[PDB]
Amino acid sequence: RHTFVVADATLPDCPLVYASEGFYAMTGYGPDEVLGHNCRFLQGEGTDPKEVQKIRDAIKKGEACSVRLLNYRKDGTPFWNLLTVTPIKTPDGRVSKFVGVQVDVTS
């Protein structure tokens, strides 16, 4: 079971532009609160800053990356998010979008 989003990398802070219905159902947030925003609103008190940095750098360098993050639903309850971000390039080598697969691996 997994969810999927698309971030717009032509915009400077990679706002989310599409999300599967499972992403909304998993996180508790609506498209009115997800679209146009950077994915980091799902982070909170216990999110590991060393892991958050791995994504920050892979996004700046335009690489693929996979990290384990503690995330929080709209109602405040936490869950463990296995997150893999893939860069999507244009033919001229520039990154156009980042795509994300999120798995809830709280098991």
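Start at 1 with the first residue shown and count on from there.
Between 44-52 and 65-73, the higher mean Cα B-factor belongs to 44-52. As the entry records it, the average C-alpha temperature factor is higher for 87-95, out of 87-95 and 15-23.
Taking the deposited Cα B-factors for 59, 39, 82, 35, the highest one is held by 35.
The PDB entry assigns residue 5 a C-alpha temperature factor belonging to the highest third of its chain's modelled residues.
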